[PDB]
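What follows is a set of notes on a single structure, which appears directly below.
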Amino acid sequence: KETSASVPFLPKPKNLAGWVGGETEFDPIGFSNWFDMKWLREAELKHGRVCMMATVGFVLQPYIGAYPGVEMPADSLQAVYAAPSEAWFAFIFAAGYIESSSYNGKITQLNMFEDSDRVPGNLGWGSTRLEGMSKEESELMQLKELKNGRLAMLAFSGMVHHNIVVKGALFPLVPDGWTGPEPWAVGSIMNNXXXXXXXX
Amino acid sequence: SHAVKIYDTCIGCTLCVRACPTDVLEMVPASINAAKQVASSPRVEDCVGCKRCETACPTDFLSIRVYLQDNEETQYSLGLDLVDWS
Amino acid sequence: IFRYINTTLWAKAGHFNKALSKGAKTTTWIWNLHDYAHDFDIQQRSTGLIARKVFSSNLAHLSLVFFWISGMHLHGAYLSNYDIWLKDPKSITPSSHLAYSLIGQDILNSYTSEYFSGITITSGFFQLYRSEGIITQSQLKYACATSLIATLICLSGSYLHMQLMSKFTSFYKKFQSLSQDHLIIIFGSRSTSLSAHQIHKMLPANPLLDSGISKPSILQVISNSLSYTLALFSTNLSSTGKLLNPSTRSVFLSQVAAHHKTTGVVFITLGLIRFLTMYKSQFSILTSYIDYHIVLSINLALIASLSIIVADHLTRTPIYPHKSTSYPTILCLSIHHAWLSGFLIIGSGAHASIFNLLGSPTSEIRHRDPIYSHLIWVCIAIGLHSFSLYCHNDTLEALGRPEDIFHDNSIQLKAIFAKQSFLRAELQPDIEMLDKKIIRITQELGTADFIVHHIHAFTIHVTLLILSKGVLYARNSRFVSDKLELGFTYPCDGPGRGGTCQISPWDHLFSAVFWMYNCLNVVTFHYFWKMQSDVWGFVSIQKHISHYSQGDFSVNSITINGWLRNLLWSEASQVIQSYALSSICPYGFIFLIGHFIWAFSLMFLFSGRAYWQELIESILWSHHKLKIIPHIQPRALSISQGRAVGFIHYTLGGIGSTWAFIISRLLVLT
Amino acid sequence: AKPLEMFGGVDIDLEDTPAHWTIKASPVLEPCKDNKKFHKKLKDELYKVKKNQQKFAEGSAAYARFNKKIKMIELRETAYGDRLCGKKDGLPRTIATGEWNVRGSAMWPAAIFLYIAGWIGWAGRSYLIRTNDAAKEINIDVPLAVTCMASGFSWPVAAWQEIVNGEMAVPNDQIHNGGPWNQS
Amino acid sequence: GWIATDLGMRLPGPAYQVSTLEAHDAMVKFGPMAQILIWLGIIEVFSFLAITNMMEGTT
Ligand code: CLA
Ligand SMILES: CC(=O)O[C@H]1CC(C)(C)C(=C=C/C(C)=C/C=C/C(C)=C/C=C/C=C(C)/C=C/C=C(C)/C=C/[C@@]23O[C@]2(C)C[C@@H](O)CC3(C)C)[C@](C)(O)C1
Ligand SMILES: CC1=C(C/C=C(\C)CCC[C@H](C)CCC[C@H](C)CCCC(C)C)C(=O)c2ccccc2C1=O
Ligand code: SF4
Ligand code: SF4
Ligand code: SF4
């Protein structure tokens, strides 16, 4: 009974053959044993790519944003509201078109891989710059894509929550007079009993 | 008195006969089923109307059907105990 | 031993009954699974498993009650204004119950103290705590901790006894042992233990509070160390109950401690007497009643009777400090125990029927016709007499002939035995009052009290008629001669013999629940109107009394229109006009919801299941049309289940309606 | 000739122009921010809540919670200003004319609910089709159940594609029509 | 941790200038105790998985 390389105190996750993290098989909960892991790979790759683009845009907006005629909020979270509804509508339209056409209308966890079991996360976009590495460094390129995607996902999460704890821009990290985060102003039962809101 | 009729779909279960609380039903020989027997109701004058025979019948729709006739009730069909009508 | 405690049956629903082993072919399977869940008798395996299940389930429920007590204690320690209530109980409404500020629910919390807003609780837990010498938050913390520990202990014991008890287990059948140890060690040796608790912690504390030292020098005096106060410090001679404590408006706690000591002594002496006492006559009862359902019915009837005694004794035999003036608390303590008395009496009747069907009955079932016939006659006699005095008064008052009605100012029906029942209390010829509030004044019983007591007797007798008719005619009847083979609960025996619907003892309980509900709704209304009209209320310094209902009972309760107008309409103004009013918004809403639920029950009560089955089939056609096939086939509720749902919704809605109606009014008036 | 008195109080538009087809042109209604009844009702709300607030201590937590409630009430007053309310009640109205571009319109909630309700129904139907057994309805195949639940998002397209391709409905001659009404 | 806190070792923040006895309540009201509980929760989820997979013999 082998153990996973990543978490050595847990059994090695089966159904996680070599895709990217075959050297550090990491599935403690076991979604790969519960779900079609090809769909899981597709979701992870789409999340990683969307988050790479999201980190780049989130960083860029406060400084080199400002499309001619669009208004500029310093807090990149507020940029959704302080943007033209027309540009946002066209952008969502383009995203939906790309999502629908790429999978030939089989955009569904049941129907995603039912007849066109092409490859997990492959869309034929820019494949001309791949496969010249003799299927050995192409796997390394896929590994780099996955690592950058996961790092970008965690980074975008951190950027969003930093902008929330600061309630301002992003890059003025630890702004003047910030003196630490205590901004979560939502009451809680433990908060109610601790702060003596109830009782007495 | 009620009206208890037996239809051809009977398969000779004998369950209807066993479920009857006043010995209204009986088994007669026949040749329309693999059991070579069908139910009969020779004594429906003693049929109270409990419809246990219909509960016990396993055919798709009951091979035995009890038709209630309230403007027809006799002392036997009413289960009169404190009072005699004879 | 415990290696057989496996989770493999958790996924296998319905394992306990062999009638559910065929699988969930229809939706009736779900309801049957829920219905047979606690029916240990009919479930699979030997009789030893029945004993194990019964005892362990008793322990689990005891743990549940302990968890509820722990929750109440934690609410009192950390979610309550018990501090300011301790300091000034006559100006602060008890409240250990808050509401979150969501969907505007903030409107439910109301001003109870200058530093607290919440829902006024009427459970009387604050008076219990004060009578239990609980002053600091630490005491409530440790009470909650002990109750949680008891919950864990009882849960673990219920878990253990499913395997400690075995096929050879027999300790539950040793009824001599059970009776002796219960009686002595609990009723005697724990009553004296509580007497010790009171003598050593209440009398050191409650007199200190009544002495005006709510300070109690903090812990310098309150934390015991007060052996210079004497046990009978302020008995003031007199007789227990004749003279109340003027400060807290209750019986002195020294007298309560003496009562508990003497009752424990009496119980211990009765346990000693039971070694040689009167027997050989209840012996047929002794041998024929060794069964689960019979002892369950006996205990249910006994506990329900004790509950009604508690309901009548908690109101005008004031034991708790500062509780007689807290009118909503008094009302709740009476009425809740009244309802529990009714429900547990009905359960006793049901389990008497179950015992008759499982075990073998006794001699009284052979002359059942004279019994359940003279019961019928007495029910008819007191129904055509008690109620109709109301109908007679109503008709002759409508006709404009008030001199011909049954009233005090007219033809009067004197309550002869009650008026000569000055034995109870036998207090001095005046009243007692604490602070602008009446503690207790003797209820002057007149004609209206006579008529309403006869109404109570009539309703009790009809409910008893239904229960005893179900019990005695369980095995067989002149109508159906093999009811024993039909089981305990069945819809009918068929449309034959004119119609046999609702002959089962279960259906007799089904009707008896309606009649018990109707019986003690009148009890609730009689109490709620009589106390307001003749006991509760303000005072005048010139010894004049201004009650809440201004003496409406003796002049209006003689006619049904009086009940409709002065009780269900005029006294419902508080609940009906309770929208946007901070404290009483939920009571108005719950009044509306209780009306809705009560009317909703009628759909199940009046209709049969065949119509609903045909409608479900019509809908299932549309479902099958769109390839939506529920393989757990939709079936309408069974006849017995339809009746059960109707009865439950009926009683719940009506109880909620009364609940809101009484509580909102008493909260507004106080 | 004064249609108000002619029809017992109710007034008629008397004008036939397309510009009056909107709900905002109705003479029964009026924008809430300039309606006397709206002002009086929310002022009474503020007054009642404030009067409740003064009953408590100044430094208590109840005082702070009542301040938060007052802020919520004032935010509600300023937020419903653009919503239409009747010229006699002051209670804002919900527009059910399919306007799509008014405050309080019922088109957006209708669209959202219809999408999510079709999603729920489609997920349930997909699970029932893919689990043609009673054992799978009492012991839910949770992986398949959540797979169908996630797959239900494309219901408005998949359902129509099944409708037109003969994969949703079933001919009446394949399901039980109902009770017999004749034979003899 | 108790030794270090009692002897005077502190984090460079004025919010931490409390005694070790009040450290728990002060930091619960400050926030870091909730975050520590979240992190110990994820680590204990992994520990629970370890226990479940060891007691069942999967590992
Ligand atoms: C100590 C009390 C006690 C005990 C141990 C039992 C034990 C038993 N009873 Mg019983 N019973 C009791 C009191 C008790 N009962 C009372 C007081 C009544 C009168 C109402 C009844 C009436 C009664 C009947 C009529 C029947 C039983 C039956 C049974 C047996 C199986 C029960 C079962 O599986 O139900 C499973 C448990 C449930 C279905 C509980 C469902 C919840 C109930 C029905 C609704 C409650 C609504 C709730 C209070 C309000 C909701 C709040 C709202 C705001 C949402 C079992 C031996 C049955 C049997 O066959 O006996 C052999 C049977 O037919 N009992
Ligand atoms: C014609 C055709 O075919 O097209 C081709 C084109 C081409 C080029 C050949 C192709 C490609 C590759 C592409 C497009 C590759 C893009 C890759 C990107 C944008 C990666 C971003 C990672 C961001 C990260 C990790 C962010 C990290 C952020 C971090 C760590 C933030 C860290 C912070 O601490 C810091 C630094 C500050 C604090 O405030 C907190 C935060 C912000 C969190 C394709 C796909 O083949 C297709
Ligand atoms: C309505 C009705 C039905 C049909 C009612 C059924 C089948 C009830 C089951 C419906 C579902 C399963 C109940 C689940 C709860 C409700 C869907 C929601 C209740 C809580 C809401 C307030 C959210 C019967 O089967 C029936 C049988 C015998 C006598 C009378 C009647 C009867 O009156
Ligand atoms: S139960 Fe029905 S099928 Fe069976 S013998 Fe009787 S009539 Fe025939
Ligand atoms: S209705 Fe009853 S009595 Fe009549 S034949 Fe059927 S079972 Fe016998
Ligand atoms: S109506 Fe219902 S309860 Fe009455 S006999 Fe027919 S099936 Fe039985």
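Chains as they are written, first to last, in PDB author numbering: chain I, 1 to 200; chain c, 84 to 169; chain a, 3 to 672; chain f, 72 to 255; chain K, 72 to 130.
The beta carbon of each residue, even a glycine, is placed where N, CA and C say it ideally should be.
Going by DSSP, what residue range makes up the alpha helix (DSSP H) through residue i?
i	result
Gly159/a	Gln139 to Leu166
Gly501/a	Per DSSP, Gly501/a belongs to no alpha helix (DSSP H) and is neither H nor E.
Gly78/a	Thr49 to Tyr80
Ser119/a	It is not in any alpha helix (DSSP H) - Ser119/a instead sits in the beta strand (DSSP E) that spans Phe118 to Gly120.
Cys99/c	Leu98 to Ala102
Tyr84/a	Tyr84 to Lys89
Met178/f	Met178 to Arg201
Confirm, please, whether the CB-CB distance from residue j to residue i is below 8 Å.
i	j	result
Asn33/I	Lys14/I	yes
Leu622/a	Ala240/f	no
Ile310/a	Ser343/a	yes
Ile186/a	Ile270/a	yes
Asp396/a	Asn563/a	yes
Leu607/a	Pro507/a	no
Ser286/a	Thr364/a	yes
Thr114/a	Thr124/a	no
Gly266/a	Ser197/a	yes
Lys108/f	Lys142/f	no
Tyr131/a	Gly78/a	yes
Does residue i come within less than 8 Å of chain c when only Cβ atoms are used?
i	result
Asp509/a	no
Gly610/a	no
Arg480/a	yes
Pull up the CB-CB distance for residue i and residue j, whole angstroms please, since I reckon it's below 8 Å.
i	j	result
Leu668/a	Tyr161/a	No, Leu668/a and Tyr161/a are not in contact; Cβ-Cβ is about 43 Å, not under 8 Å.
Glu109/c	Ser123/c	5 Å
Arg126/c	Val107/c	5 Å
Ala121/K	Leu130/I	Actually they are not in contact, since the Cβ atoms of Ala121/K and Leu130/I sit about 39 Å apart, beyond 8 Å.
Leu185/f	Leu100/f	Not really, about 26 Å apart at Cβ, beyond 8 Å.
Say the cut is 7 Å; is the CB of residue i nearer than that to a heavy atom of ligand 5?
i	result
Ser375/a	no
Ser181/a	no
Is any heavy atom of ligand 4 found at a distance shorter than 7 Å from the C-beta of residue i?
i	result
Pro112/c	no
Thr29/a	no
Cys381/a	no
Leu98/c	yes
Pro104/c	no
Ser146/c	yes
Less than 8 Å between CB atoms is the rule here; does residue i satisfy it with respect to chain I?
i	result
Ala97/K	no
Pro214/f	yes
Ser176/f	no
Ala75/K	no
Of all the CB atoms in chain K, is at least one closer than 8 Å to the CB of residue i?
i	result
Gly180/I	yes
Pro68/I	no
Name the two residues that bound the continuous beta strand (DSSP E) containing residue i.
i	result
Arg148/c	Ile147 to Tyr150
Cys156/f	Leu155 to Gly157
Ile441/a	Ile440 to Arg442
Just checking residue i against ligand 6 - is the residue's beta carbon closer than 7 Å to any of the ligand's heavy atoms?
i	result
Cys130/c	no
Check whether the Cβ of residue i sits closer than 7 Å to any heavy atom of ligand 3, and report yes or no.
i	result
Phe606/a	yes
Examine chain a for any beta-carbon lying closer than 8 Å to the beta-carbon of residue i, and answer yes or no.
i	result
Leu85/f	no
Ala240/f	yes
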